[PDB]
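Data block for model28.cif (mmCIF, C-alpha atoms):
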data_start
loop_
_atom_site.label_atom_id
_atom_site.label_comp_id
_atom_site.auth_asym_id
_atom_site.auth_seq_id
_atom_site.Cartn_x
_atom_site.Cartn_y
_atom_site.Cartn_z
CA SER A 1 -11.59 174.64 -204.97
CA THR A 2 -10.33 175.27 -208.48
CA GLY A 3 -7.04 175.50 -210.34
CA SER A 4 -5.98 177.18 -213.57
CA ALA A 5 -2.61 176.82 -215.28
CA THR A 6 -1.17 177.92 -218.60
CA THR A 7 0.17 175.19 -220.87
CA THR A 8 2.86 176.10 -223.40
CA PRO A 9 4.05 174.31 -226.57
CA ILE A 10 7.55 172.88 -226.21
CA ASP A 11 8.55 173.79 -229.78
CA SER A 12 7.37 175.51 -232.96
CA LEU A 13 5.38 172.44 -234.10
CA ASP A 14 3.27 171.96 -230.94
CA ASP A 15 4.87 168.53 -230.48
CA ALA A 16 3.78 168.61 -226.83
CA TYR A 17 2.70 171.10 -224.16
CA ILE A 18 4.27 171.74 -220.75
CA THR A 19 2.50 173.05 -217.66
CA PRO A 20 4.32 174.20 -214.50
CA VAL A 21 3.65 172.06 -211.41
CA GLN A 22 4.74 172.79 -207.85
CA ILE A 23 6.02 169.73 -205.95
CA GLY A 24 7.10 169.60 -202.32
CA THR A 25 7.93 172.09 -199.61
CA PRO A 26 9.43 174.55 -200.41
CA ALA A 27 7.98 174.22 -203.89
CA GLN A 28 10.07 172.68 -206.64
CA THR A 29 8.53 173.74 -209.94
CA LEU A 30 8.80 171.21 -212.77
CA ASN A 31 7.32 171.54 -216.24
CA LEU A 32 5.18 168.46 -216.84
CA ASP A 33 3.42 167.03 -219.88
CA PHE A 34 -0.25 166.64 -218.90
CA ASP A 35 -1.34 163.37 -220.51
CA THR A 36 -5.00 162.32 -220.61
CA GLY A 37 -3.79 159.02 -222.10
CA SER A 38 -1.90 157.79 -219.04
CA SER A 39 -2.27 157.76 -215.28
CA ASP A 40 1.18 158.16 -213.68
CA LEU A 41 2.66 161.39 -212.35
CA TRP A 42 6.40 160.79 -212.77
CA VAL A 43 9.36 163.16 -212.69
CA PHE A 44 13.02 163.39 -213.43
CA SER A 45 14.67 163.38 -210.04
CA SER A 46 17.84 163.27 -207.98
CA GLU A 47 17.53 159.48 -208.34
CA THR A 48 17.55 159.44 -212.16
CA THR A 49 20.66 157.82 -213.65
CA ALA A 50 22.97 160.77 -214.26
CA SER A 51 23.77 159.91 -217.89
CA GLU A 52 20.01 159.94 -218.62
CA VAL A 53 19.49 163.55 -217.47
CA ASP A 54 20.30 166.25 -220.05
CA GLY A 55 18.93 169.65 -219.06
CA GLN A 56 15.71 168.69 -217.27
CA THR A 57 14.77 170.15 -213.92
CA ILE A 58 14.78 167.43 -211.28
CA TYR A 59 12.73 166.78 -208.16
CA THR A 60 14.91 166.17 -205.09
CA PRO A 61 12.71 164.57 -202.41
CA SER A 62 15.37 164.99 -199.74
CA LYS A 63 14.96 168.78 -200.05
CA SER A 64 11.18 168.60 -199.47
CA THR A 65 10.03 168.62 -195.85
CA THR A 66 6.72 167.03 -196.91
CA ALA A 67 8.16 164.17 -199.01
CA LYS A 68 7.76 160.65 -197.68
CA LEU A 69 9.00 157.45 -199.29
CA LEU A 70 6.09 155.20 -200.24
CA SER A 71 7.85 152.16 -198.88
CA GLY A 72 8.09 149.21 -201.24
CA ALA A 73 6.36 150.93 -204.14
CA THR A 74 7.82 150.80 -207.64
CA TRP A 75 6.55 151.84 -211.04
CA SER A 76 7.32 151.06 -214.67
CA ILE A 77 5.56 152.41 -217.74
CA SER A 78 5.80 151.99 -221.49
CA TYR A 79 4.10 154.42 -223.83
CA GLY A 80 2.56 153.91 -227.24
CA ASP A 81 5.59 155.49 -228.91
CA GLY A 82 7.95 152.91 -227.40
CA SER A 83 9.37 155.19 -224.72
CA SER A 84 9.50 154.12 -221.09
CA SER A 85 10.52 155.03 -217.54
CA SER A 86 10.62 153.44 -214.10
CA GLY A 87 11.57 154.06 -210.50
CA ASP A 88 10.30 154.36 -206.95
CA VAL A 89 7.63 156.53 -205.33
CA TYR A 90 7.26 159.33 -202.81
CA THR A 91 4.16 161.05 -201.55
CA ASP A 92 4.30 164.83 -201.47
CA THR A 93 2.25 167.99 -201.87
CA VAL A 94 1.51 168.83 -205.50
CA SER A 95 -0.09 172.05 -206.73
CA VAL A 96 -1.30 172.95 -210.22
CA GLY A 97 -2.48 176.46 -210.94
CA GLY A 98 -3.35 177.11 -207.29
CA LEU A 99 -5.06 173.74 -206.65
CA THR A 100 -3.21 171.72 -204.01
CA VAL A 101 -3.28 167.97 -203.35
CA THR A 102 -1.56 166.58 -200.29
CA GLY A 103 -0.28 163.01 -200.29
CA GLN A 104 -0.01 162.78 -204.07
CA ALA A 105 2.06 159.88 -205.38
CA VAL A 106 5.09 161.39 -207.11
CA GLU A 107 6.84 158.69 -209.12
CA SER A 108 10.58 159.32 -209.08
CA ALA A 109 12.40 158.10 -212.16
CA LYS A 110 15.46 155.96 -211.69
CA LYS A 111 15.59 155.21 -215.42
CA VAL A 112 14.16 156.93 -218.49
CA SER A 113 14.43 155.96 -222.14
CA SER A 114 16.43 157.95 -224.66
CA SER A 115 13.52 159.99 -226.04
CA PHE A 116 12.93 161.47 -222.59
CA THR A 117 16.61 162.24 -222.01
CA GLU A 118 16.81 163.86 -225.43
CA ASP A 119 13.93 166.26 -224.70
CA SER A 120 15.23 168.81 -222.21
CA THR A 121 11.92 170.69 -222.07
CA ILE A 122 9.81 167.97 -220.40
CA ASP A 123 10.59 167.27 -216.73
CA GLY A 124 8.01 164.49 -216.39
CA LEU A 125 4.40 163.54 -217.05
CA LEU A 126 1.18 164.18 -215.15
CA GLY A 127 -1.34 161.51 -216.07
CA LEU A 128 -5.03 162.38 -216.35
CA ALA A 129 -6.55 159.09 -217.56
CA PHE A 130 -8.36 156.82 -215.14
CA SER A 131 -6.49 155.59 -212.08
CA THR A 132 -7.04 151.97 -213.11
CA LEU A 133 -4.09 152.45 -215.50
CA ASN A 134 -1.66 153.66 -212.83
CA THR A 135 1.43 151.43 -212.80
CA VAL A 136 2.49 151.68 -209.15
CA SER A 137 2.95 148.28 -207.53
CA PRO A 138 1.96 146.67 -205.22
CA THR A 139 -0.55 149.40 -204.32
CA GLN A 140 -1.94 151.29 -207.31
CA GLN A 141 -2.04 155.06 -206.81
CA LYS A 142 -4.55 157.75 -207.74
CA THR A 143 -4.02 160.47 -210.31
CA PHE A 144 -3.81 164.14 -209.34
CA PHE A 145 -7.35 164.66 -210.67
CA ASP A 146 -8.74 161.68 -208.77
CA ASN A 147 -7.18 162.99 -205.55
CA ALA A 148 -8.41 166.55 -206.13
CA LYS A 149 -11.91 165.62 -207.32
CA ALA A 150 -13.77 165.68 -204.01
CA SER A 151 -12.42 169.16 -203.22
CA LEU A 152 -13.23 170.64 -206.62
CA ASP A 153 -16.25 172.87 -207.15
CA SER A 154 -17.24 170.52 -209.99
CA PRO A 155 -15.53 167.16 -210.75
CA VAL A 156 -14.15 168.26 -214.11
CA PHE A 157 -11.05 169.49 -215.85
CA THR A 158 -10.78 171.21 -219.20
CA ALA A 159 -8.09 171.27 -221.90
CA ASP A 160 -7.83 174.38 -224.09
CA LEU A 161 -4.67 173.79 -226.12
CA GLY A 162 -3.35 176.54 -228.37
CA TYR A 163 -2.26 176.36 -231.99
CA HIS A 164 1.30 177.69 -231.98
CA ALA A 165 0.42 179.48 -228.75
CA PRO A 166 -0.16 178.88 -225.04
CA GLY A 167 -3.42 177.49 -223.74
CA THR A 168 -4.99 176.52 -220.43
CA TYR A 169 -5.78 173.57 -218.19
CA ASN A 170 -8.54 174.35 -215.69
CA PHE A 171 -9.64 172.16 -212.79
CA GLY A 172 -13.02 172.33 -211.08
CA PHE A 173 -14.85 174.79 -213.33
CA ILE A 174 -15.85 175.42 -216.96
CA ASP A 175 -14.76 178.87 -218.22
CA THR A 176 -17.77 179.89 -220.30
CA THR A 177 -15.73 182.69 -221.92
CA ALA A 178 -13.24 180.22 -223.42
CA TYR A 179 -15.42 178.78 -226.19
CA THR A 180 -18.05 179.76 -228.73
CA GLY A 181 -21.49 178.28 -229.12
CA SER A 182 -22.44 175.34 -226.90
CA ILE A 183 -20.56 172.34 -225.52
CA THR A 184 -21.71 168.99 -226.91
CA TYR A 185 -21.27 166.13 -224.47
CA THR A 186 -20.75 162.51 -225.50
CA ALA A 187 -20.55 159.21 -223.65
CA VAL A 188 -17.28 157.79 -222.34
CA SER A 189 -16.27 154.18 -221.81
CA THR A 190 -13.73 153.65 -219.04
CA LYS A 191 -13.32 149.93 -219.79
CA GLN A 192 -9.77 150.42 -221.12
CA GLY A 193 -8.88 153.14 -218.60
CA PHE A 194 -8.98 155.91 -221.23
CA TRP A 195 -11.27 158.81 -222.06
CA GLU A 196 -12.72 156.67 -224.83
CA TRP A 197 -15.64 157.95 -226.91
CA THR A 198 -17.25 157.48 -230.33
CA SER A 199 -17.08 160.19 -232.96
CA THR A 200 -20.08 160.32 -235.30
CA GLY A 201 -18.11 160.80 -238.54
CA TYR A 202 -15.89 163.08 -240.56
CA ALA A 203 -15.54 165.38 -243.54
CA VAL A 204 -12.51 166.32 -245.65
CA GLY A 205 -12.31 169.98 -246.58
CA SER A 206 -15.61 171.23 -247.99
CA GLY A 207 -16.72 167.66 -248.73
CA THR A 208 -19.87 165.99 -247.53
CA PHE A 209 -19.95 164.63 -244.00
CA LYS A 210 -19.64 160.85 -243.76
CA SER A 211 -21.67 159.44 -240.88
CA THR A 212 -19.70 156.59 -239.34
CA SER A 213 -18.82 155.60 -235.78
CA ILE A 214 -15.14 156.08 -234.91
CA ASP A 215 -14.18 154.83 -231.43
CA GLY A 216 -11.09 156.53 -230.05
CA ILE A 217 -9.46 158.20 -227.08
CA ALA A 218 -8.97 161.85 -226.17
CA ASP A 219 -5.20 161.94 -225.56
CA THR A 220 -3.43 165.22 -224.80
CA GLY A 221 -0.14 163.31 -224.57
CA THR A 222 -0.15 162.26 -228.25
CA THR A 223 0.81 164.86 -230.86
CA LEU A 224 -1.12 163.68 -233.91
CA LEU A 225 -4.56 162.45 -234.95
CA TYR A 226 -4.56 158.69 -235.62
CA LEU A 227 -7.61 157.35 -237.47
CA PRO A 228 -8.63 154.28 -239.51
CA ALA A 229 -6.71 153.80 -242.74
CA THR A 230 -9.86 154.37 -244.83
CA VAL A 231 -10.42 157.82 -243.31
CA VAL A 232 -6.76 158.81 -243.55
CA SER A 233 -6.53 157.73 -247.20
CA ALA A 234 -9.62 159.80 -248.01
CA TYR A 235 -8.01 162.84 -246.40
CA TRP A 236 -4.60 162.60 -248.09
CA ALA A 237 -6.15 161.82 -251.48
CA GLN A 238 -7.20 165.49 -251.52
CA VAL A 239 -3.57 166.68 -251.29
CA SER A 240 -1.68 166.51 -254.58
CA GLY A 241 1.52 164.55 -254.20
CA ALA A 242 0.76 163.18 -250.75
CA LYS A 243 1.72 159.57 -250.16
CA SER A 244 2.37 157.11 -247.38
CA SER A 245 6.10 156.53 -246.97
CA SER A 246 7.19 153.36 -245.20
CA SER A 247 10.71 154.77 -244.80
CA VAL A 248 9.53 157.96 -243.12
CA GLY A 249 6.81 156.22 -241.13
CA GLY A 250 3.56 157.72 -242.39
CA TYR A 251 1.94 160.14 -244.78
CA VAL A 252 4.08 162.93 -246.18
CA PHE A 253 3.12 165.71 -248.57
CA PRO A 254 4.83 168.44 -250.59
CA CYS A 255 5.65 171.38 -248.37
CA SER A 256 4.30 173.61 -251.17
CA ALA A 257 0.78 172.20 -250.70
CA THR A 258 -2.16 173.90 -249.02
CA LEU A 259 -3.91 171.38 -246.79
CA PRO A 260 -7.68 170.96 -246.50
CA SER A 261 -9.43 171.09 -243.16
CA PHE A 262 -10.65 167.95 -241.42
CA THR A 263 -13.99 167.85 -239.58
CA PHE A 264 -14.93 165.32 -236.91
CA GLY A 265 -18.35 164.73 -235.43
CA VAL A 266 -19.32 164.94 -231.77
CA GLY A 267 -22.93 163.89 -231.68
CA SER A 268 -24.70 166.25 -234.08
CA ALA A 269 -21.97 168.88 -233.62
CA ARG A 270 -18.86 169.33 -235.74
CA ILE A 271 -15.29 170.32 -234.84
CA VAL A 272 -13.22 171.73 -237.71
CA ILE A 273 -9.44 171.22 -237.68
CA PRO A 274 -7.94 173.86 -240.01
CA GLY A 275 -5.57 172.58 -242.65
CA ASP A 276 -2.63 174.46 -241.16
CA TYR A 277 -2.97 172.40 -237.96
CA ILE A 278 -2.19 169.28 -240.02
CA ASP A 279 1.22 170.54 -241.25
CA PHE A 280 4.09 169.17 -239.13
CA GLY A 281 6.81 170.61 -241.29
CA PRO A 282 9.81 169.20 -243.11
CA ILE A 283 10.67 165.57 -242.35
CA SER A 284 14.29 166.73 -241.91
CA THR A 285 15.80 170.18 -241.90
CA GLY A 286 15.60 171.73 -245.36
CA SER A 287 13.48 168.97 -246.90
CA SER A 288 10.57 169.83 -249.20
CA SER A 289 8.69 166.76 -247.92
CA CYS A 290 6.47 167.61 -244.96
CA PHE A 291 5.05 165.30 -242.32
CA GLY A 292 1.28 164.95 -242.03
CA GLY A 293 -0.66 165.47 -238.83
CA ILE A 294 -3.32 162.87 -239.65
CA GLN A 295 -1.93 159.34 -239.67
CA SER A 296 -3.25 155.80 -239.76
CA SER A 297 -4.02 154.01 -236.49
CA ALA A 298 -3.92 150.61 -238.21
CA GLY A 299 -0.75 149.59 -236.35
CA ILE A 300 -1.78 150.99 -232.95
CA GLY A 301 -4.95 149.07 -232.13
CA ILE A 302 -6.88 152.21 -231.13
CA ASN A 303 -7.82 155.51 -232.74
CA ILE A 304 -6.30 158.53 -231.01
CA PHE A 305 -7.68 162.07 -230.93
CA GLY A 306 -4.35 163.66 -230.06
CA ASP A 307 -3.37 167.31 -229.89
CA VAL A 308 -4.03 167.98 -233.61
CA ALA A 309 -7.71 167.32 -232.94
CA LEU A 310 -8.01 168.53 -229.36
CA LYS A 311 -6.42 171.93 -229.94
CA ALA A 312 -9.23 172.75 -232.38
CA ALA A 313 -11.69 172.51 -229.47
CA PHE A 314 -12.41 173.42 -225.89
CA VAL A 315 -12.58 169.97 -224.28
CA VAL A 316 -14.32 169.08 -221.01
CA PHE A 317 -13.20 165.95 -219.15
CA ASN A 318 -16.20 165.33 -216.91
CA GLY A 319 -15.22 163.03 -214.05
CA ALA A 320 -18.66 162.64 -212.54
CA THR A 321 -19.69 159.16 -211.41
CA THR A 322 -20.63 158.50 -215.04
CA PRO A 323 -17.87 160.29 -216.96
CA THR A 324 -18.49 162.15 -220.20
CA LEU A 325 -16.51 164.29 -222.65
CA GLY A 326 -17.58 167.70 -223.95
CA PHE A 327 -16.39 169.49 -227.08
CA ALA A 328 -16.99 173.08 -228.12
CA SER A 329 -15.61 175.19 -230.90
CA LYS A 330 -13.50 178.17 -229.91
#

Rewrite the coordinates I just gave you, this time as structure tokens.
Amino acid sequence: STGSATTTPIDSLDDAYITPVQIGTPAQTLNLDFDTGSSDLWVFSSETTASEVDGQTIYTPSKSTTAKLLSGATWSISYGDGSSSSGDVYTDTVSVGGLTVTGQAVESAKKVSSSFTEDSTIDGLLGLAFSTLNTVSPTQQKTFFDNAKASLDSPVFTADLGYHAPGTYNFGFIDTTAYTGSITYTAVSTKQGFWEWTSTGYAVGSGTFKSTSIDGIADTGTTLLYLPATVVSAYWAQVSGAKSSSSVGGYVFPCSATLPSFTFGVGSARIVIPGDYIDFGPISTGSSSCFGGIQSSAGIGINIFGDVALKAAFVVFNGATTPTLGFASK
């Protein structure tokens, strides 16, 4: 089997991408944030505290003839940005782009933090990291990809995120028309539960490539590119007037500036992030200070190849017995 679904930016800055997902019988379609940095499929639901729902579409398990309470199971998750959610669990039929999994754990939110309530465009998350990170207790549950894997033509999914445009998540096949040149594959460590890999270096603009190992994760659920402070300083030093602002929370730059590209290495190959992908716009409406899309990871504990980096590439998440990541230009 295969599946193929369009993913659409939630706003004009590509802050996140939503993909329609069919849950239950008859289908209830919710727009979920596919997140290769986490491993829970959770939704706003008829059980979510009413004051914490503000425009989202909810899953109502009582209206699904295939929903079953997973008795005794609870979940609770906290994300790198400080947001969180928790609740109980049903199993139900879940389909993405024509690919159907029966008995998928659907984590029903009883509580969500304010950032989720305040974003009416995201109805939940669909985690695509390794199932060892799933938070369901006392019996950890498998991700959608883990459940679908055996049925897929090939045990892979691909992320093809658009810049200011829709893109595609495919499951079970690699669309050879969706990229240019060849795909370069690189080793993955699953020891932390992430799609963790080692970039071979970077370049700023037309500058010389610096060969240096940068361990980080491929995370579709994080907006920006978070890299070591040395690398980030070298980038922003090429933008006149750019500075790190403690009050804003990272590097800002004059909105009048033209940004240089940023290149990252995948083995001997190179992925170029155009400068315009690094512009996240005014820090507040009408401001001439703009927020940068490359930020320091020094306070995170891990480097993160978020959407800024991934949307410059066609990315293969190879879930074979020994997983690997592939990157191609497009």

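The spacing separating atom CA of residue A:167 from atom CA of residue A:19 amounts to 9.6 Å.
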
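Using only C-alpha atoms, the smallest distance between any of A:28, A:305, A:108, A:70 and residue A:46 comes from A:108.
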
Fewer than 5 positions away in the same chain doesn't count, so skip those; otherwise give me all residues within 8 Å of residue A:99, counting all atoms listed in the file, as a list in words. residues 1, 2, 3, 4, 148 and 171 of chain A

Interatomic distance, atom CA of residue A:13 to atom CA of residue A:224 (Å, one decimal): 10.9 Å

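Nearest to residue A:268 of all the residues A:202, A:130, A:44, A:17 is A:202, counting only C-alpha atoms.
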